[PDB]
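Notes follow the structure.
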Amino acid sequence: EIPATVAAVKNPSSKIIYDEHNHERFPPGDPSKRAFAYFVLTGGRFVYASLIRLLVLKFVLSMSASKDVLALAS
Amino acid sequence: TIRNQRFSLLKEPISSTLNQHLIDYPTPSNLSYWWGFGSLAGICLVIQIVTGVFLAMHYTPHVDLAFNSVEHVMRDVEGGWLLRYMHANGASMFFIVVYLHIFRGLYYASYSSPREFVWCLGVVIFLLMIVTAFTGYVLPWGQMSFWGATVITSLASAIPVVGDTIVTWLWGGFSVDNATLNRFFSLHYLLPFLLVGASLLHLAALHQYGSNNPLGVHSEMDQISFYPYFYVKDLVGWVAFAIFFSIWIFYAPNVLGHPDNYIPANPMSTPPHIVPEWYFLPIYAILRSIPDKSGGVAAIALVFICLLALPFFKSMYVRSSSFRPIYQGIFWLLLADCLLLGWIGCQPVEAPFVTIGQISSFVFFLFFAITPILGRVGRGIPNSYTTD
Amino acid sequence: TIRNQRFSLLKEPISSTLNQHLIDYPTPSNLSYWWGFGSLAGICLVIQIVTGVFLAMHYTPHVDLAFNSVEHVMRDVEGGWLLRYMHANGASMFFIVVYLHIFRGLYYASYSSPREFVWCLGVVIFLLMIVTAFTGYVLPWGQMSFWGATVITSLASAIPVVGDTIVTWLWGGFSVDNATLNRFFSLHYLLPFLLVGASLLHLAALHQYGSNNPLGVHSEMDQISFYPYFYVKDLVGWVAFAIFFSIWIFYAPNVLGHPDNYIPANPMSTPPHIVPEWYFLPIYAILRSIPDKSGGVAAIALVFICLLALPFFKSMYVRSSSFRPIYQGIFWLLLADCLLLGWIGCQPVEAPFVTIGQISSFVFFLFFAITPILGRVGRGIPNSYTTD
Amino acid sequence: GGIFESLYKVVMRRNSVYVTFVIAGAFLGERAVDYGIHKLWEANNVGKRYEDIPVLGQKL
Amino acid sequence: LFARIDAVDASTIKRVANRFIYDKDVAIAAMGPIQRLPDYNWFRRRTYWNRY
Amino acid sequence: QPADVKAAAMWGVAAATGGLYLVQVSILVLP
Amino acid sequence: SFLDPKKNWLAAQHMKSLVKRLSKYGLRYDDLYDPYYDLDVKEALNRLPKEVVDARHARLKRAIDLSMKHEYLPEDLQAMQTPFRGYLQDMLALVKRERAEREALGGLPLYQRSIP
Amino acid sequence: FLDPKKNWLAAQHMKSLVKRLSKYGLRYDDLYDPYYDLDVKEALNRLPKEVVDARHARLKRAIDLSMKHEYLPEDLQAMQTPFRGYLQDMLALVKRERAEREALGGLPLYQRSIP
Ligand code: HEM
Ligand code: HEM
Ligand code: HEM
Ligand code: HEM
């Protein structure tokens, strides 16, 4: 009654079975959608760069001059 | 593996400590989204520090200029309204995520051995947060700020031997005045850096013993590195928190506030409803519920005594409450009681709120007085349900 | 050794890092007192932080109240003159101790490998000290304070394309008024904590690569633990420093300053003699000596480039100056040049001081330009002096 | 699939090109979102803006 | 065979590697005390450089 | 080395674009 | 008192719920004892046979994997689960008894918890 | 290059170095820190154990004297060989091997770790 791991090691098979509970497999012959994930991440990076730019500008220009002195200068 | 020549710039001594403790620190592979709150309180602290520095470039701690200076930041400074709303609602967010942090710890019994030092440093951090938020809230010098400062600092004269002496020393005079405002400003500036240090010690202790997990079991069998598996999880947490914070900044910037603070402080008039911020409300409620104000201060001390005494209880070998139905129900009752007690704090001190707050405090302390009993009784479970 | 039961508290995980890095760190057995100067600089930083906090409990960052607030600290606050004199003269002693630190490093060539990172972090630390002391000196708001702020901030206009924009943005409103005062108070309060972080990184890098010794030789043969052997030496240094600093505080507290800072700032008239504090005088003298203010700013940048470029030299095999007569003489000439340069900066631009400064700064850069030549020739030495 | 792979081979072979693309896309998306939100604002609250009051220049 | 072999230069090697190695999927088979061998995402990320 | 030069030039272009996007000197750029 | 599920309906319900939970995650009640928790469990696990300890580690790894995947054991093995079939309580009791005797008469602790 | 036996200044420099080095009982090669160059490290690894151990003994003696604030007695100062080097040839050989290895497409056998 050889153990499960020993039987798996000693008998390699091409009919590999994964979990497929919350991640469904692609059919065995199919190209990998590698580009689509990269473009999704690209949109996210668009957003992240825009947010970083916003925050830096907001702080720096908060340290800038104020409407009070701008109106005072005549 | 002889390091004759360089392989990876991550493993070089310049980046080796960061490599280990951030990129390569092993964490259990089953952590849920409840650990992102620990990851997120630090972000809230950083936001508070940065916005506070840029605000302090515009605030004047005098008693005749504090309110007008805050309004100057509101109106004249470009983007100043963003800074001030960020600082205020960010204090609120900091406390929200820290409460979620604490309550996850309570649910999963993360305070249990061997993380007693983690929990105790967390309690010290909580003290620092409370003091910082209070002394900072006194800064804008509104009616609520002035009178809350007066009431709370005057309620430090309950100590028997010294009392009035400590109160006079703390006030810098005979009443909350310019000296107290300046002192509070300096202390408010200083304390967050001690808070950063305490957070670093907190993280160092946790990394000494490693993080818990929902099952509460030993988890050195199935572990994965922090980056990138938990970096992306915390990223989802951060973006959700950013959406929440953006809602609370741009659409409801004063909902969490109290309108009476927009009145310049007037020591000759008292507002009809003196109450602290929403995140001091449970503590205030316990303090008011216990009569004989010295007894109230004693109860407030006893709250922290109980919090520090939590990790040093009896056997209670099972820790996660997923396998503890009675402790699960007790935890839910505790959370409900804390929410109810927070509601009570904002209410007046008339009936029936006095009785509702007196029962709520008793339930809150009964939670701590019942858990050791649960552990003692449950110590003998396997001998009773065994299938031999 | 299996740590089954705990022997010593110092080897427990709570005090293990502290144990290693403070008590058990092996140190060369032949260190003189200048390593004590390094520790003394650390103590001076702590003194500055504490006295600054307690001073900021009484200082109003407004233009109409800063000077009278400082006079409040001197006259009304209980033992406030002690706090203010300690802060000012402690800035002075901090710079004295850091200068002795730097010059010991230069004499014993401690910047050489493998302590390039230690030297570079030291240069960053020196920049932070300069900025912090400058913005702090702006705070009392006197004649020298206001006019020095004006001049040193307005020389930032030398940048080719964005000079004027940076000057106006840093000024906040076409002058050095209240906005600049608040800005400088916030920055002066913030910077010392970054300075503490930089000091900790400095010490960490040094502790990585051990510590040099008066011989410059490998020193892993005879090494002793830091405590108690060097704690007592540092203690002797600290007590002597305390006597020096007490001489300065109590008997001659205004010698290291200028009398023009006791006049309230009046942007209409201009004091006849505008100079920075004594510890900025060498840099001021270099900048003033080289005309064409763009050239002056470039020259200051060049000074810091040379300071950062010392560690990365080619041969430089023999380290200590005890076995380098030529470099010993060069170092003493450089020190005399630095003292003369500092003295020149307090003098007017009338002749002959222009010629003397234009020679002294050139000699400074000459020192920084003739160390590699000595290193190459010394690398050539051994195959010529052989006695056989 | 084909379109995504084509744009991938266009703009995802060097990270410098990718960073330039990310920055340009962030800028263009920011400006487009600005324009869209402004059009929604104009559509929603019409007749309230400053340059709409009938007597804007008659206080003299 | 020799002509085909020495008709391979540096540019040909780069082109073939970019066809076969740059950002492709690896297949790993390991056994033994491999509790320190990096996981799949590690190798899959190492198949490209972000500096270039 | 030529490939390194091309990569450095492209990275400089990317950094210049990033700085331009951060500062937004469209008004300043007269030439 | 000593309340067992035979003489207590509430204890019967409690045991039923615990059995349901442990069967869902497929791990015995003794597997919940953390060696880092007590350091007496550490010694008791050091004294147990390697087959038993390896089975404990395998069950814990399976439970953690199921927890990450957000799923439960399939109903077959769930019906094949045997919680409360203890393997550690006797050894833990022996270790604690030995420690109590050693502490009671003279003696230094054989092992101690670091600070912290 | 006119250093030895033809330069009065170079003769004076040699005299001073001999005085100082013999005063501490060191040699010139002992001034070469292994941590400084990482070629001195390889040379010291390749040198015979007796030579390396003598170097370490001389270094320990010099550090002891530097701590005590005193010099060698006149007898041991007389019995000194400050310039009887032992490291220059091995160091030059190591440098030459490094030179050819970098000359024709080779990885360094050791690199300095970034601190
Ligand atoms: C060094 C970092 C910090 C600085 C410099 C700082 C500075 C300031 C300043 C100048 C104000 C008054 C301006 C205003 O009222 O909006 C303020 C207010 C406040 N701060 Fe901070 N702060 C810092 C960190 C924090 C932290 C960490 C917290 C939270 C724990 C906090 C909580 C508050 C609160 C609640 C107010 C009152 C806001 C209001 O009601 O207007 N601050 N802070
Ligand atoms: C400044 C506020 C705080 C910060 C920044 C902070 C930070 C962290 C971080 C980064 C972690 C590791 C990640 C995680 O496990 O979620 C953590 C864990 C933890 N913290 Fe905090 N914390 C704070 C406040 C508190 C407080 C007030 C307590 C309780 C008194 C506390 C108790 C804990 C516990 C018990 C853990 C272990 C979590 C586990 O079970 O693995 N923390 N904290
Ligand atoms: C905040 C001011 C500074 C502090 C607190 C500080 C602190 C220290 C400490 C504690 C040490 C180790 C003990 C010692 O060797 O004296 C040290 C060493 C050292 N420091 Fe600093 N330092 C400061 C500024 C500087 C500066 C400005 C430089 C030069 C740029 C510098 C360069 C060095 C060097 C080269 C060493 C190596 C010591 C040796 O070779 O034996 N330090 N410093
Ligand atoms: C966080 C810590 C610090 C705080 C809160 C602080 C705060 C202050 C305050 C409020 C003043 C004005 C009071 C007065 O006029 O005497 C001041 C002055 C000054 N500070 Fe600091 N300071 C700190 C650290 C430092 C450090 C590290 C230095 C650098 C040596 C420094 C250098 C100065 C100087 C030169 C002055 C002007 C002395 C004078 O009044 O004539 N400060 N500081």
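Values quoted throughout were computed directly from the atomic coordinates according to the rules given, and no laboratory measurement underlies them. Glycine also receives a Cβ, built like all others from the backbone with ideal geometry; neighbour counts cover every protein chain displayed.
Points worth noting:
- Being over 18 Å from residue C:17 (Cα atoms), among the small types (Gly, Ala, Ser) and out of contact with any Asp or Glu (no Cβ under 6 Å at 6 or more places or on another chain) is a property that residue C:204 lacks.
- Failed criterion for residue B:326 (all others in (1) away from ligand 2 (no atom under 16 Å from the Cβ); (2) exposed (fewer than 14 other Cβ atoms within 10 Å of the Cβ); (3) among the β-branched types (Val, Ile, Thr) hold): (2)
- Output for the range B:88-121, where each listed residue is of a type in the set (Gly, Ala, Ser) and within 13 Å of chain G (Cβ to nearest Cβ): B:109, B:110, B:112, B:113
- Helices (runs of 4 or more DSSP H) wholly inside chain A that include at least 2 residues being within 30 Å of residue C:174 (Cβ to Cβ): A:34-62, A:67-72
- Filter pass, residue A:72 being within 14 Å of chain C (Cβ to nearest Cβ), loosely packed, with under 13 Cβ neighbours inside 10 Å and more than 20 Å from residue F:24 (Cβ to Cβ): yes
- The residues of the range G:58-82 that are at the interface with chain B (Cβ under 8 Å from one of its Cβ atoms) and in contact with a helix residue (DSSP H, G or I) (Cβ under 8 Å, 6 or more places away or on another chain), listed by number, are G:60, G:63, G:67.
- When the residues of the range D:1-23 are filtered to those that are aromatic (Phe, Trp, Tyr) and within 7 Å of chain A (Cβ to nearest Cβ), the one that is surrounded by the fewest Cβ atoms within 10 Å (Cβ to Cβ) is D:4.
- Residues (more than 14 Å from chain G (Cβ to nearest Cβ), more than 9 Å from ligand 2 (Cβ to nearest atom) and among the polar types (S, T, N, Q)) located in the range B:11-54: B:15, B:16, B:17, B:19, B:20, B:48, B:51
- Residue count for the range B:91-101, restricted to those that are surrounded by fewer than 20 Cβ atoms within 10 Å (Cβ to Cβ) and near ligand 2 (Cβ under 8 Å from one of its atoms): 0
- Within the range C:155-207, the set of residues being acidic (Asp, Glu) and more than 26 Å from residue B:60 (Cβ to Cβ) comprises C:164 only.
- Residue in the range B:232-252 that is surrounded by fewer than 17 Cβ atoms within 10 Å (Cβ to Cβ), more than 30 Å from residue B:318 (Cβ to Cβ), within 16 Å of ligand 4 (Cβ to nearest atom) and not hydrophobic (A, V, I, L, M, F, W, C) present: no
- Selected residue (criterion: nearest to ligand 2 (Cβ to nearest atom)) from residues of the range B:174-184 that are within 30 Å of residue B:54 (Cα to Cα) and among the hydrophobic types (A, V, I, L, M, F, W, C): B:184
- Every pair of residues 6+ apart whose Cβ atoms lie under 6 Å, when the first sits in the range G:19-44 and is more than 8 Å from chain B (Cβ to nearest Cβ) while the second is outside any loop (DSSP other than H, G, I, E, B) and of a type in the set (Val, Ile, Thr): G:40/G:95; G:43/G:95; G:44/G:95
- Residues of the range C:17-36 satisfying the condition of being in a helix (DSSP H, G or I) and either within 16 Å of ligand 4 (Cβ to nearest atom) or among the β-branched types (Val, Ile, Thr) (or both): C:17, C:23
- Any hit, the range G:88-109, residues being touching a residue at least 60 places away in the same chain (Cβ under 8 Å), within 10 Å of chain B (Cβ to nearest Cβ) and part of a loop (DSSP other than H, G, I, E, B): no
- Helices (runs of 4 or more DSSP H) lying entirely in chain E (those with 3 or more residues that are surrounded by fewer than 11 Cβ atoms within 10 Å (Cβ to Cβ) and within 14 Å of the chain's Cα centre (by Cα)): E:10-20
- Taking each residue of the range C:213-227 that is under 14 Å from residue H:57 (Cα atoms) and looking for partners that are in a loop (DSSP other than H, G, I, E, B) with beta-carbon atoms closer than 7 Å, six or more apart or interchain, yields C:217/H:33; C:218/H:33; C:219/C:213; C:222/C:29; C:223/C:29.
- Residue check, residue C:59 in a helix (DSSP H, G or I), hydroxyl-bearing (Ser, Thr, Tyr) and more than 14 Å from chain H (Cβ to nearest Cβ): no
- As for the range B:207-214, it holds no residue that is within 25 Å of the chain's Cα centre (by Cα) and within 16 Å of ligand 4 (Cβ to nearest atom).
- Scoring residue B:257 on the criteria (1) touching a helix residue (DSSP H, G or I) at 6+ places or on another chain (Cβ under 8 Å); (2) not in a loop (DSSP other than H, G, I, E, B) leaves a single failure, condition (2).
For every residue, the table says whether it meets (1) within 16 Å of ligand 2 (Cβ to nearest atom); (2) within 13 Å of another protein chain (Cβ to nearest Cβ).
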residue	(1), (2)
B:132	yes, no
B:144	no, no
B:158	no, no
B:166	no, no
B:172	no, yes
B:186	no, yes
B:201	yes, yes
B:209	yes, yes
B:217	yes, yes
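- Selection within the range B:135-169 - touching a helix residue (DSSP H, G or I) at 6+ places or on another chain (Cβ under 8 Å) and hydrophobic (A, V, I, L, M, F, W, C): B:138, B:139, B:141, B:144, B:149, B:152, B:155, B:156, B:158, B:159, B:167
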